[PDB]
Structure formats: C-alpha cells, structure tokens
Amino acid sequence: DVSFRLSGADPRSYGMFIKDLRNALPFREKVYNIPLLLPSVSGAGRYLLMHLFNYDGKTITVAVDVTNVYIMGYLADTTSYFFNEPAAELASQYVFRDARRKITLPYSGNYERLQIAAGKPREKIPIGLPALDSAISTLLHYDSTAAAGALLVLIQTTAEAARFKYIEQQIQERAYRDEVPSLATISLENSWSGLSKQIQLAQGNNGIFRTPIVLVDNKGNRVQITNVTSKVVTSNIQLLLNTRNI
C-alpha cells in the first residue's frame, strides 16, 4: 500500500508519495531506463491500495490496476464505489470485500465520460493539493456529479503525476493554490499510450519513433517527438504502458 496525508503536506511530501506510488508498480524490464509495466497480473495482486487523508484526517482507499495505473474504484467508510466498466467489475471481486454495499458509479472511468458527467472538461477544472483535499471530502459521501469532478482531480494528482515527472512538478507548483492544468499537462495525459507504444517500438528502430508524436512543451509550444533522446523520454515519462495492453 501507499499513503498521502494532505494535513502538513508540502511539495516534498507530495513528491515522496508519487515516488512511493511509482515504486509500488511491478516491472521485470526497463526500456530506455523507464520501467515497463507488466502485460498482466492474476487475482488480487493486480490492485494496489492508495490511502489518501484529507486535511481533517478522513480517509478513502483507492484501488489502482498496477498494469496501467487506472483507478478502478474506492472505499469510503462502509461503501465501495466502482466505475461502470468490466475491469472495475473484475476488481470488485478482489478489493473492498469487508464493505456494507457496492455502488457502481453511473459512468466509466475514461476522461471523455467523466467530463460529460462532471459538466466541465479537464481544461476548466482546477487541480492541485487543495483540490485533492476537496476531492477526498467529496468522495466520503455519495454524490455522482460531484464525484466525477473529484475523480478527474484524483486521477490527475495521483496516476498522471506517477506517469510524468512534469505533471508531478505542476502539482507541486499547486501545493497551496489550485490552477487549471497547463497545456503540456493535458497533452501528456492524452499521449501516454502513444509515447509508451513509440518508445517500445523504438527498440528495433534505432531509438527512432515509427510514428512521431505531437506534444505541447513546458513553454506552451508545439514539440514533435521523433526519437528517444527527446527530454520527454529521457527525463519526463516514468512508466510505460505495455504494448500488450495497447
């Protein structure tokens, strides 16, 4: 398991939690010095538990698929909550089995669906550590519309920060003041599967992308990623989604 306490949190302690989350995900191989997530994990070991505590010490436990860093669902007191998708249904067989009832949220966990359920695209929802405090407070007690926004904040501040060092640093900048994600943040979140695919294929193509990836960089500017010496591959990406799961 990994934990993050918002009470007393600072950029350093958030950075330690994201390091904890990345290190809980198993890998057998690195490709260009980046951990390659596993094709597959049978049974209960597939799911990592993240214990998150709001400013007031109230807690949720979030279940995370270790092959793709996808949040499946979460435990608040005696109620489990799962996304309306087959992989979350599967997770509910292994995690949160001492729960009084199980609510299937009325949406899948993908970004397009959560955005429709929340009524706002990610482009317009402030992110940061205070936002994660609010998200944890929202999820303690069922509210499906409120929970869509809260889940968009939870995913970006945990899973997306684990996947990209730049996103971790953007949340550190937002330790005490929320701000809509940067253009580079939304670009990287949208591009993780594509970059993961092109980095694995570059093994066999002399570190050259078979299909170049269009991103936004830290200065707001277009950058075309054509090969593995790019800063996105050498510094930024921290985990690779396995080609088998693309």
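In this text, residue numbers run from 1 along the sequence as written. Here the rigid core means the biggest group of C-alpha atoms that line up within 1.5 Å when the two forms are laid on top of each other.
Superposition on the core shows that, in 4 other deposited structures of this protein, the C-alpha atoms drift more in one of 214 to 222 and 177 to 185; this is 214 to 222.
The PDB entry reports B-factors from which the mean C-alpha value can be compared for 156 to 164 and 76 to 84; the larger average falls on 76 to 84.
Between 41 to 49 and 58 to 66, it is 41 to 49 that carries the larger average Cα temperature factor according to the deposited entry. Highest CA B-factor among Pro121, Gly128, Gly149, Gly109, as stated in the entry: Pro121. Annotation for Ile246: C-alpha temperature factor in the highest third relative to the rest of the modelled chain, per the entry. Residue-level temperature factors show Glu29 in the highest third of its chain, judged at the C-alpha atom. Sort the modelled residues of the chain by CA B factor and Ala9 lands in the highest third. When the modelled residues of the chain are ordered by C-alpha B-factor, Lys231 sits in the middle third. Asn23 sits in the middle third of its chain by CA B factor, as recorded in the PDB entry.
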